[PDB]
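The chain that follows stands alone, in the form deposited in one PDB entry, written as structure tokens.
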């Protein structure tokens, strides 16, 4: 039972994450950038009702806060099913165009896997839950991601924005990847024989024996939980000799 031995590490038990060792992020704008305020496209009541619960939860979690800002981007009503359960999707393309570019450091999967020796065949795969939301956004960079939220009868005054790294921001993957690398630097040092692959929120721990993987996984989950990250208990693939990672089937050190 891992779900029990590591309360903090699992999203199902530790609650929403928060990377306590990471300074709130400041997002640099391009030299000539000026605020852009895109109007919110009218939203059908159905779309709005499907989205409402997610927005209320984020507000409850403090991931969204009311605000008044010169920046504004459209929120989009996106449903994966045939016509059920919506989810908010923000179009941040106009903001992305105004944010200074950074060097893409996230390695492509193929290259990331090459760094996997045939020796280590005991794998553990972890999927960090709501990775981006774990990184705080400095108050100065928060107004940048504002959007309008209407609640007819009575609700929010108008705009809401993120206090965490959001979905849709071009630099989120890279910023998260680098942040987690900084938080796990020590762990890599205390476990020289282990092999840890990081692909944004997708982690692969590789050990030589089942015992090392056991203790390796315990130490990792332990560290992640203490750092404020949360792994998905449901998706977790523990000490298997065969696992699914980045769209690959790892078996006998193949692929």
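Residue numbers count along the first chain shown, from 1. By rigid core we mean the largest C-alpha set that fits within 1.5 Å across both forms.
The same protein also exists as the form deposited in another entry; that form is not shown, yet it is the one meant from here on.
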property	result
Candidates 96, 167, 105, 140 - which moves between this form and the one not shown, C-alpha at least 2 Å, core fixed	105
Yes/no, residue 45 Cα shift of 2 Å or more between this form and the one not shown with rigid core fixed	yes
Rigid core superposed: residue 120 CA moves 2 Å or more between this form and the one not shown	no
Outcome for the Cα pair residue 170, residue 107 in the other form, compared with this form (closer or farther; change of 3 Å or more)	farther
Change in CA distance between residue 133 and residue 154 in the other form, which is 3 Å or more, as closer or farther	closer
